[PDB]
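Only one chain is included here, represented as structure tokens and corresponding to the form deposited in one PDB entry.
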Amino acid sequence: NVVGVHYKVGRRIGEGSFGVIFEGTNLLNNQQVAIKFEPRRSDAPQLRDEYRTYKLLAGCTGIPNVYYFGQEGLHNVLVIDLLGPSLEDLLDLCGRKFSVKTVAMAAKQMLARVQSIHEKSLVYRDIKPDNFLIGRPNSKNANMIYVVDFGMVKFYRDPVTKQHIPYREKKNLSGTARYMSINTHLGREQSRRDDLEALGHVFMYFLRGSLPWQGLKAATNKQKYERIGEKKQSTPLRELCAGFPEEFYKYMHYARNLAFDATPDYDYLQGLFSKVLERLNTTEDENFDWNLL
């Protein structure tokens, strides 16, 4: 089957609520690509917004290249660069947890991608390990960590005036409950800080193999986000982080205390993760757990 005139569709490599994702090949140059298919339906988030965001971030490190957007029958198709598995996929290969070294090194790369997004005036809003994918097996950037999936980014400040959006409440909960900021749970408008806090939740998940609020109780969908949020507030940071380098507690702490429109101090956050590597007497190399025996 051939879409976008010169793109051949292979087999499924991903399937989510937002559609199916196939591996494919560009018939002109034979480059490998991923073809996202979204069914055209009332409630489904436009795939065109994602294409626009990819174009906006084009040229940014760790953001894949986009190649085509169009409609094919009852589907919208977005063609991106083919990438490797996600950090969640690799967890299943490493015992369901990562070592401090891998977390600190990944953190530095994951933190640089989120900052890049913020500098383009967007807030990600869907921070999760399933969205950070690494390079293709035999290529230059096989150990580079990429961010994908921009279906729910939003402008947090007018792009040209740098005017920050106002603080609103009564918002409806969006992304994955497991990693969201406490604020998102209280229905408050999400900002830079919230991305930074959701990333810190992802970091502790990497470290412990699980979070205190996973698999809660027998209740309805809205009750799950409620109880999880309460648990997140009852679990103190020193306990959540007990047993790992102080730098992780310092990160969770900074992230949770940022004021709504405050510009995060990315260099401080990055230095934290550097101190972690120093203390282990190692450098930032490409010796991630999934490359080790």
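By rigid core we mean the largest C-alpha set that fits within 1.5 Å across both forms. Residue numbers here begin at 1 and follow the sequence given.
Stretch exceeding the other in mean C-alpha B-factor - 14 to 22, 266 to 274: The recorded data point to 14 to 22.
Give the stretch, out of 2 to 10 and 283 to 291, with the larger mean C-alpha temperature factor in the deposited entry. Stretch with the higher mean C-alpha B-factor: 283 to 291.
Out of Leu90, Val79, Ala104, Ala219, which one has a C-alpha B factor higher than all the others in the entry? Checking the PDB record, the top C-alpha B-factor among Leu90, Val79, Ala104, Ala219 is at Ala219.
If I read the C-alpha B-factors straight from the PDB entry, which of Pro129, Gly73, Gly200, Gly187 is highest? Highest CA B-factor of the listed options: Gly73.
Where does the C-alpha B-factor of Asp158 rank in its chain, lowest, middle or highest third? Highest third.
Taking the entry's C-alpha B-factors for this chain, is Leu173 in the lowest, middle or highest third? Highest third.
Could you place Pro137 in the lowest, middle or highest third of its chain by Cα temperature factor, using the values in the record? For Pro137, whose C-alpha B-factor we compare with every modelled residue in the chain, the answer is the highest third.
Please say which third, lowest, middle or highest, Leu258 falls into when its CA temperature factor is compared across its chain. Its C-alpha B-factor belongs to the middle third of this chain's values.
What third of the chain does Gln214 rank in for C-alpha temperature factor, lowest, middle or highest? For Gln214, whose C-alpha B-factor we compare with every modelled residue in the chain, the answer is the highest third.
Beyond the structure shown, there is the form deposited in another entry, which is absent from this document and is the topic of what follows.
After fitting the rigid core, tell me which of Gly243, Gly59, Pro45, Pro236 has its Cα displaced by at least 2 Å between the shown form and the other one. Comparing both forms, the shifted residue turns out to be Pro45.
Core superposed first: is there a CA shift of 2 Å or greater at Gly16 between the shown form and the other one? Indeed, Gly16 is displaced by 2 Å or more.
Are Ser17 and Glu197 closer or farther apart at their Cα atoms in the other entry than shown, with the shift being 3 Å or more? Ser17 and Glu197 sit closer together in the other entry.
Work out whether the Cα atoms of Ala44 and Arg178 come closer together or move farther apart in the other entry than they are in this form, the change being 3 angstroms or more. So the answer is farther.
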